[PDB]
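Next comes run39.cif, a file with mmCIF, C-alpha atoms.
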```
data_work
loop_
_atom_site.label_atom_id
_atom_site.label_comp_id
_atom_site.auth_asym_id
_atom_site.auth_seq_id
_atom_site.Cartn_x
_atom_site.Cartn_y
_atom_site.Cartn_z
CA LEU A 102 100.44 127.15 83.04
CA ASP A 103 98.87 124.38 80.95
CA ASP A 104 95.55 126.24 80.78
CA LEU A 105 97.38 129.34 79.57
CA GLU A 106 99.11 127.24 76.91
CA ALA A 107 95.73 125.92 75.81
CA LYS A 108 94.37 129.43 75.41
CA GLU A 109 97.66 130.29 73.66
CA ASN A 110 96.77 127.85 70.92
CA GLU A 111 93.43 129.53 70.14
CA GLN A 112 95.05 132.71 68.76
CA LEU A 113 98.23 130.87 67.71
CA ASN A 131 108.41 120.25 74.45
CA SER A 132 110.98 119.80 77.21
CA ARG A 133 108.46 117.93 79.36
CA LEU A 134 107.09 116.24 76.22
CA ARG A 135 110.22 114.27 75.34
CA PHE A 136 109.61 111.95 78.30
CA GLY A 137 106.50 110.26 79.64
CA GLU A 138 103.90 111.63 82.00
CA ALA A 139 104.81 112.22 85.64
CA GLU A 140 103.97 109.23 87.80
CA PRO A 141 101.68 110.63 90.51
CA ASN A 142 102.69 110.71 94.15
CA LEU A 143 100.95 107.97 96.10
CA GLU A 144 100.13 110.08 99.15
CA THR A 145 98.48 112.96 97.28
CA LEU A 146 96.00 111.01 95.14
CA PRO A 147 92.39 110.62 96.30
CA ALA A 148 91.49 107.40 98.07
CA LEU A 149 90.27 104.55 95.88
CA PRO A 150 86.54 103.87 96.36
CA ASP A 151 85.88 100.52 98.00
CA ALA A 152 84.42 97.61 96.07
CA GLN B 254 70.12 89.98 165.75
CA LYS B 255 67.22 90.95 163.48
CA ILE B 256 69.61 92.16 160.79
CA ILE B 257 71.37 88.78 160.79
CA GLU B 258 68.04 86.97 160.74
CA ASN B 259 66.77 89.16 157.88
CA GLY B 260 69.92 88.46 155.89
CA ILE B 261 69.41 84.74 156.45
CA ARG B 262 65.74 84.90 155.41
CA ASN B 263 66.53 86.92 152.29
CA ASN B 264 69.33 84.55 151.28
CA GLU B 265 67.02 81.57 151.82
CA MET B 266 64.22 83.16 149.77
CA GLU B 267 66.60 84.05 146.92
CA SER B 268 68.07 80.53 146.99
CA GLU B 269 64.60 79.07 146.60
CA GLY B 270 63.88 81.92 144.17
CA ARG B 271 66.34 80.33 141.80
CA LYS B 272 63.80 77.53 141.46
CA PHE B 273 60.93 80.03 141.73
CA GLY B 274 62.31 82.21 138.93
CA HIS B 275 63.79 79.28 137.04
CA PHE B 276 61.49 79.73 134.02
CA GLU B 277 59.56 82.97 134.74
CA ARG C 7 81.53 86.65 89.58
CA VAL C 8 83.22 88.33 92.58
CA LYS C 9 84.20 91.16 90.21
CA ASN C 10 81.67 93.89 90.99
CA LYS C 11 84.11 96.79 91.36
CA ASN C 12 81.17 99.22 91.56
CA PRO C 13 81.77 101.67 94.43
CA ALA C 14 79.71 100.59 97.41
CA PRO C 15 76.51 102.57 98.12
CA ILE C 16 77.72 102.89 101.73
CA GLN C 17 81.36 103.71 102.41
CA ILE C 18 83.10 102.63 105.61
CA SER C 19 83.42 105.70 107.82
CA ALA C 20 85.60 106.12 110.90
CA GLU C 21 82.65 106.64 113.25
CA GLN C 22 81.21 103.37 111.91
CA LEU C 23 84.53 101.68 112.71
CA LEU C 24 84.53 102.91 116.30
CA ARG C 25 80.80 102.22 116.82
CA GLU C 26 81.13 98.63 115.63
CA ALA C 27 84.27 98.39 117.75
CA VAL C 28 82.46 99.43 120.93
CA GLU C 29 79.53 97.11 120.18
CA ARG C 30 81.97 94.33 121.18
CA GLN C 31 81.52 95.32 124.83
CA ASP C 32 78.83 93.60 126.88
CA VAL C 33 77.13 94.31 130.21
CA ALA C 34 79.06 94.05 133.46
CA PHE C 35 79.69 90.45 134.48
CA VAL C 36 76.89 88.85 136.49
CA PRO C 37 78.22 86.53 139.21
CA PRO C 38 75.89 84.22 141.16
CA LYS C 39 75.29 86.11 144.40
CA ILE C 40 76.63 84.33 147.48
CA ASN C 41 73.98 83.00 149.87
CA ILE C 42 74.44 83.36 153.63
CA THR C 43 72.28 80.67 155.23
CA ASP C 44 73.74 80.85 158.75
CA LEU C 45 75.92 82.97 161.02
CA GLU C 46 79.16 81.41 159.72
CA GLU C 47 78.93 82.79 156.18
CA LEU C 48 77.80 86.07 157.71
CA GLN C 49 80.76 86.58 160.01
#
```

Please go through the file and, once you have read it, give me the structure as C-alpha coordinates.
Amino acid sequence: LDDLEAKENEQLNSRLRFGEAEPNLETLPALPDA
Amino acid sequence: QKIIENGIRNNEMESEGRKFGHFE
Amino acid sequence: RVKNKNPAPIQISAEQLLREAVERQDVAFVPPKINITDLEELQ
(Lines of atoms letter the chains of each structure in order from A and count residues from 1; the text may use other names and numbers.)
(Lines give C-alpha, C1' and ligand atoms only; values in the text may rest on other atoms or scores of the structure.)
Protein backbone atom coordinates (compact mmCIF):
# COMPACT_ATOMS: atom_id res chain seq x y z
CA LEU A 1 0.00 0.00 0.00
CA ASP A 2 2.78 2.46 0.86
CA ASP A 3 4.64 1.65 -2.37
CA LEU A 4 1.46 2.31 -4.32
CA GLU A 5 1.06 5.64 -2.53
CA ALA A 6 4.64 6.51 -3.46
CA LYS A 7 3.96 5.81 -7.12
CA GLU A 8 0.70 7.76 -6.68
CA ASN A 9 2.73 10.86 -5.94
CA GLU A 10 4.70 10.69 -9.21
CA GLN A 11 1.65 11.45 -11.40
CA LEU A 12 -0.10 13.40 -8.62
CA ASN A 13 -3.22 11.14 7.11
CA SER A 14 -5.17 9.00 9.56
CA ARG A 15 -2.03 7.04 10.46
CA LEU A 16 0.01 10.25 10.23
CA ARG A 17 -1.63 12.07 13.15
CA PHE A 18 0.11 9.72 15.60
CA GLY A 19 3.64 8.40 15.81
CA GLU A 20 5.15 5.40 14.08
CA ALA A 21 4.08 1.91 15.11
CA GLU A 22 6.37 0.46 17.77
CA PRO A 23 7.60 -2.82 16.27
CA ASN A 24 6.70 -6.16 17.77
CA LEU A 25 9.62 -7.60 19.71
CA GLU A 26 9.22 -11.18 18.47
CA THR A 27 9.12 -10.36 14.75
CA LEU A 28 12.24 -8.20 14.47
CA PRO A 29 15.53 -9.75 13.33
CA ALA A 30 17.99 -10.77 16.02
CA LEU A 31 20.51 -8.15 17.09
CA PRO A 32 24.05 -9.00 15.91
CA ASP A 33 26.36 -9.83 18.79
CA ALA A 34 29.12 -7.47 19.87
CA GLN B 1 45.48 -74.35 39.30
CA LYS B 2 47.45 -72.86 36.39
CA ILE B 3 44.77 -70.23 35.81
CA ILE B 4 45.04 -69.12 39.45
CA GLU B 5 48.82 -69.13 39.24
CA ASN B 6 48.75 -67.13 35.99
CA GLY B 7 46.43 -64.57 37.55
CA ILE B 8 48.81 -64.25 40.49
CA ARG B 9 51.85 -63.85 38.22
CA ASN B 10 50.11 -61.26 36.06
CA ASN B 11 48.96 -59.27 39.10
CA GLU B 12 52.49 -59.39 40.52
CA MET B 13 54.04 -58.25 37.23
CA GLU B 14 51.54 -55.39 36.86
CA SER B 15 52.13 -54.35 40.49
CA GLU B 16 55.85 -54.14 39.83
CA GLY B 17 54.97 -52.64 36.43
CA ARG B 18 53.69 -49.61 38.27
CA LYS B 19 57.32 -48.96 39.18
CA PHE B 20 58.46 -50.27 35.78
CA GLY B 21 56.14 -47.94 33.88
CA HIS B 22 56.40 -45.17 36.45
CA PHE B 23 58.11 -42.74 34.05
CA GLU B 24 58.07 -44.53 30.66
CA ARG C 1 37.31 1.04 25.46
CA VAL C 2 34.99 -2.00 25.81
CA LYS C 3 32.67 -0.29 23.31
CA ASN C 4 33.41 -2.10 20.04
CA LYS C 5 29.81 -2.81 19.01
CA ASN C 6 31.05 -4.05 15.61
CA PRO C 7 29.26 -7.32 14.76
CA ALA C 8 31.59 -10.21 15.47
CA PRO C 9 33.28 -11.87 12.47
CA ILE C 10 32.10 -15.22 13.87
CA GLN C 11 28.56 -15.52 15.22
CA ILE C 12 27.66 -18.05 17.91
CA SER C 13 25.78 -20.89 16.21
CA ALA C 14 23.72 -23.61 17.86
CA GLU C 15 25.96 -26.43 16.65
CA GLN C 16 28.90 -24.55 18.20
CA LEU C 17 26.95 -24.39 21.47
CA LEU C 18 26.32 -28.13 21.52
CA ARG C 19 29.86 -29.02 20.37
CA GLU C 20 31.45 -26.93 23.11
CA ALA C 21 28.90 -28.42 25.50
CA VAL C 22 29.91 -32.00 24.67
CA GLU C 23 33.62 -31.15 24.87
CA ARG C 24 33.00 -31.03 28.65
CA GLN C 25 32.87 -34.84 28.69
CA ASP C 26 36.07 -36.78 29.35
CA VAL C 27 37.16 -40.40 28.88
CA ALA C 28 35.65 -43.15 31.02
CA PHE C 29 37.00 -43.12 34.56
CA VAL C 30 40.23 -45.06 35.05
CA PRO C 31 40.32 -46.89 38.41
CA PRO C 32 43.51 -48.53 39.69
CA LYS C 33 43.05 -52.19 38.80
CA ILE C 34 42.84 -54.49 41.82
CA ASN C 35 45.80 -56.84 42.28
CA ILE C 36 45.23 -60.46 43.31
CA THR C 37 48.48 -61.63 44.89
CA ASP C 38 47.15 -64.83 46.50
CA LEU C 39 44.19 -67.20 46.54
CA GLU C 40 42.25 -65.08 49.04
CA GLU C 41 41.71 -62.08 46.77
CA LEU C 42 40.97 -64.53 43.98
CA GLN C 43 38.18 -66.41 45.72

- Message: Please enumerate the residues selected by the PyMOL selection byres ((chain C) within 9 of (chain A)) when evaluated against the supplied file, formatted as a list in words.
- Response: residues 9, 10, 11, 12, 13, 14, 17 and 18 of chain C

- Taken to one decimal, the CA of residue 38 in chain C-CA of residue 267 in chain B distance is 10.9 Å

Using all atoms of range 139-149 of chain A listed in the file and a margin of 3 Å per side, can you give the axis-aligned box centre and edge lengths in Å to one decimal, as lines of an AutoDock Vina configuration file?
```
center_x = 97.5
center_y = 108.8
center_z = 92.4
size_x = 20.5
size_y = 14.4
size_z = 19.5
```

- Separating CA of residue 148 in chain A from CA of residue 136 in chain A, to the nearest tenth of an Å, is a gap of 27.2 Å

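CA of residue 35 in chain C is found 23.2 Å from CA of residue 265 in chain B.
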
Can you work out which residues from chain B touch chain C at a cut-off of 10 Å (counting only C-alpha atoms) and hand them back as a PDB file with C-alpha atoms, keeping the file's coordinate frame?
```pdb
ATOM      1  CA  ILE B 257      71.370  88.780 160.790  1.00  0.00           C
ATOM      2  CA  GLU B 258      68.040  86.970 160.740  1.00  0.00           C
ATOM      3  CA  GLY B 260      69.920  88.460 155.890  1.00  0.00           C
ATOM      4  CA  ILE B 261      69.410  84.740 156.450  1.00  0.00           C
ATOM      5  CA  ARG B 262      65.740  84.900 155.410  1.00  0.00           C
ATOM      6  CA  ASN B 263      66.530  86.920 152.290  1.00  0.00           C
ATOM      7  CA  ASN B 264      69.330  84.550 151.280  1.00  0.00           C
ATOM      8  CA  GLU B 265      67.020  81.570 151.820  1.00  0.00           C
ATOM      9  CA  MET B 266      64.220  83.160 149.770  1.00  0.00           C
ATOM     10  CA  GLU B 267      66.600  84.050 146.920  1.00  0.00           C
ATOM     11  CA  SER B 268      68.070  80.530 146.990  1.00  0.00           C
TER      12      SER B 268
END
```
